[PDB]
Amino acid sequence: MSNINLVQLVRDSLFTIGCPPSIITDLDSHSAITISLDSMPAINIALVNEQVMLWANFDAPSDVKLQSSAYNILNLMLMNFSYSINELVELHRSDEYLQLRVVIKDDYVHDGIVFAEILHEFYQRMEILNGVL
């Protein structure tokens, strides 16, 4: 009914990573949470169908850029992600963005220390994608 517990989870996770809660923002008690990052798209976190979803919107690359970076991107996408409901991080393409998305299993969203590791790994996947875009 509210994002209050998700906000607290993210906050708790950031104490463990070593970042301040000043980078965490939201619109209201029902919106997605945003973690602003330097030189990278923000990490968005929200409850979608009672499941925690993390996503990042990268500016969509041209077809030719995707071609020169395809091997690197494919290898990234084939990497298992243990906390995901399907064991993977997903890539969704729209006209404007190439979006990295993952839906986390309920087993891992009730412990800020574990969620810190999830955020850290998602950030690492984002770093790899950012480096080849």
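One-based numbering along the sequence shown.
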Worksheet item: Going by the B-factors listed in the PDB entry, is the mean over the C-alpha atoms higher for 64-72 or for 46-54?
Response: 46-54
Item to complete: Could you settle it for me: does 32-40 or 101-109 have the higher average Cα B factor in the PDB entry?
Response: 32-40
Worksheet item: By the record's CA B-factor, is residue 17 among the lowest, middle or highest third of residues in the chain?
Response: highest
Fill in: CA B-factor ranking of residue 7, expressed as a third of its chain
lowest
Worksheet entry | Within-chain third of residue 88 by Cα B-factor, per the entry | lowest
Discussion item. What third of the chain does residue 79 rank in for C-alpha temperature factor, lowest, middle or highest?
Written reply: middle
Response to the item:
Temperature factor at the Cα of residue 128, chain-ranked in thirds, falls in the middle
